[PDB]
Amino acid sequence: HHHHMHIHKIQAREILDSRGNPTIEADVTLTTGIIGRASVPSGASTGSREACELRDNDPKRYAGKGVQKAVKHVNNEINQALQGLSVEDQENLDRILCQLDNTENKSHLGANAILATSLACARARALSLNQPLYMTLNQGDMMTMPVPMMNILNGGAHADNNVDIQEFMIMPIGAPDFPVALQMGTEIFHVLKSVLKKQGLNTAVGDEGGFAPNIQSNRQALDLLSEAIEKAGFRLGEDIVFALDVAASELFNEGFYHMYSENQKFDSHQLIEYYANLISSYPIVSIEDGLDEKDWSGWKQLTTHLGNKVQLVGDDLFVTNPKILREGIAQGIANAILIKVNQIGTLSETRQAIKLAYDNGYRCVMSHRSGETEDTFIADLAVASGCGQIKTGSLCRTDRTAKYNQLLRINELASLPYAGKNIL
């Protein structure tokens, strides 16, 4: 009976994210007693146009980072609005949530309250259908196991070091399947630990599980990764390529981009030249947020000059927002979008962004936040969307490895191809 998908109760609680800050988790209980659960990640280098992450700002609790207000909105307004409604229709539930909040940026209820509900409803739906979550998320796209971009040297807002570029990533594009891709990245990660240790560089880790050494230059970081790849027995280019998340909005100040580690400051034109030179020296296949979120003329120049040679991922540029991505497509800016469910606040709006990207030749990279939880939703969503690329961290910290493990579980019975070099 289809009344078995009707909501009995929605509740929320405050839990800790992987940096030790509060975040929200929601339980959707159906009339059958089935419970869908989901928790919400939290960024550090957040774009200025991300949907509202509602915090309490009570200095006596968690230094102002409590989320009891968002929890209360789930327990009260959201529960009352959704009780008796079916989780079978994700678009309708998400529509009701957005209409209930009735603000452009989800600043009344909180995007974290809304997203916790949205994702917990999706899980309640899958449980009701008695199907794996990734199957119930698919909207017709050919599913693949994604190529992971693995952030094994952390910098910027994610680490206590002098590194300006936020993320230095390896991508095991040459692996035959996903389990071997994970093995290759893990083996390189452990070799890199030894390479850093032999050079007296720090091997404690930053927020996403990458090592946090101080570096002489961005080229030194790429040299260290290259040395670990070689010592692990793999081939640059054929087996492993590089991806960067510069998070350049964090470096932009007073009309210039500041590479403090190299005592360099660049205008947009100079920074594009800098990337062109990096790409000619290293097999970098993707650069995320190479320019500031407001530098739309720079992004257009970057896309014209290098977009045929490299993937150009908008993160803070688009904030998983269909209306912004639409304008970017119209202006020919970037050629990929980083998909972060909590930048926009609902599964349905995330799907709108994915569809708009696919329909216009943009790739999607499914992404964690730097403040993660035990929730592995993005592993299922990455496979279901067929985006072929996932960004979910280094090879240590369970906030990252839990996603890789969930992909291993999916791979077991999915009988799906590995996206491999098709992502190029």
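The numbering used is simple: start at 1 and walk along the sequence shown.
Between 395-403 and 352-360, it is 352-360 that carries the larger average Cα temperature factor according to the deposited entry. Of the two stretches examined, 284-292 and 139-147, the record assigns the greater average C-alpha temperature factor to 139-147. Highest C-alpha temperature factor among 30, 365, 52, 44 per the entry: 30. Going by the entry's values, 327 shows the largest Cα B-factor out of 207, 164, 273, 327.
Among all modelled residues in its chain, residue 69 ranks in the highest third by Cα B-factor. Placement of the Cα temperature factor of residue 413 within the chain: highest third of the modelled residues, per the deposited record. Among the modelled residues of its chain, residue 57 has a C-alpha B-factor that falls in the highest third, as given in the PDB entry. Sorting the modelled residues of the chain by their CA temperature factor places residue 80 in the highest third.
In the PDB entry, residue 227 places in the middle third of its chain by CA B-factor.
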